[PDB]
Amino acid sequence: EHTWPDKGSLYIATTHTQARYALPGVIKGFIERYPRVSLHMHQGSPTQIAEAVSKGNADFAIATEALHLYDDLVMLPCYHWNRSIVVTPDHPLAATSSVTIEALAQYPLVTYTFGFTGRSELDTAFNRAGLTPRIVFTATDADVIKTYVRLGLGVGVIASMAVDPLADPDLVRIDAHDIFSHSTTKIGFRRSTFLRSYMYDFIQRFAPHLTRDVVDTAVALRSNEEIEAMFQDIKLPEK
């Protein structure tokens, strides 16, 4: 067992979060599975990634943000995720594991810029609590964010997948699923895309519940709204 002779190309347009933290395993299995498939990848903001699929320069958009604004794409939920706050060992917050949004708003924040990786969930949580957060660094990825938390610039709020006990052993990782709604990373493609079989394999490798029949059903409805509703009774993986 290993190798399929399938011949074609696969153009993935995605973001730093996905590429760094969610895709390497899938991408490695894929390339070893499909020696005759030309894999191309492109990194960008969620909006550029979406534009790229919509303009026809990529097959699939994978991101949390922006994707829903392009109903010329069919969107498929892949997983749910939430944030951690992250601080150096000596920070005041390092002492608890009890994170009120009012406690957090006391601190200067290193997080994502508007339009990136669940930022809208953070604004929502602060706005509905009345609060106005003090964000001193609006970054576009979590490698930058963790760097400047490490320098003592402020309190990090990143995707939980962006921190690992072995990779980032010098950071204290406090869970924040209490104070923020979860975010949903989706995959998008044009309806006019002929879905090769290596594509179905890719989609399902990334999101197990997105089997061919689920995908085809989803593709048939002329509504992203209906597609979201289709998964309402299904669990989703969480990263």
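Numbers for residues come from their place in the sequence shown, where the first is 1.
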Q: May I ask you to compare 47-55 and 168-176 by their mean CA B factor in the entry and name the higher one?
A: 168-176
Q.
Test of understanding: from the entry's C-alpha B-factors, which stretch has the higher mean, 67-75 or 138-146?
A. 67-75
Q: Going by the recorded CA B-factors, say which third of the chain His80 sits in, lowest, middle or highest.
A: middle
Q: Rank-wise, by C-alpha B-factor, drop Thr184 into the lowest, middle or highest third of its chain.
A: lowest
Q. Taking the entry's C-alpha B-factors for this chain, is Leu109 in the lowest, middle or highest third?
A. lowest
(Q) Using the temperature factors of the C-alpha atoms in this entry, rank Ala19 within its chain: lowest, middle or highest third. (A) lowest
Q.
Looking at the temperature factor on the CA atom of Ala162, which third of the chain's modelled residues does it land in?
A. middle
